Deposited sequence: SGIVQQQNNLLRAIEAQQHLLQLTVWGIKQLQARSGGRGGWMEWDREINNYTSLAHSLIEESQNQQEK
């Protein structure tokens, strides 16, 4: 029921986290100074998302 649904949703979020990591990687490749804040934010939100994912995986 709802449990199977939540597992489905978490897996979708996990797959999208991989896509996000890939697009971030691609953008870094294209920018080749000035991107320091961008890097900082990307790192922080990526770590935040990761922690939430791991917490959900353990919870489920």
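K.L.:
Do you know which deposited regions have no coordinates at all?
P.N.:
Since the structure holds only modelled residues, the stretches it omits are 1, 34-38, 67-68.
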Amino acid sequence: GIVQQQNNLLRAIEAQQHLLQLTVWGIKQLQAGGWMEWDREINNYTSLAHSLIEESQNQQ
From here on, numbers count along this sequence of modelled residues.
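K.L.:
Taking the mean of the C-alpha B-factors per stretch from the entry, tell me the winner out of 12-20 and 35-43.
P.N.:
It is 35-43.
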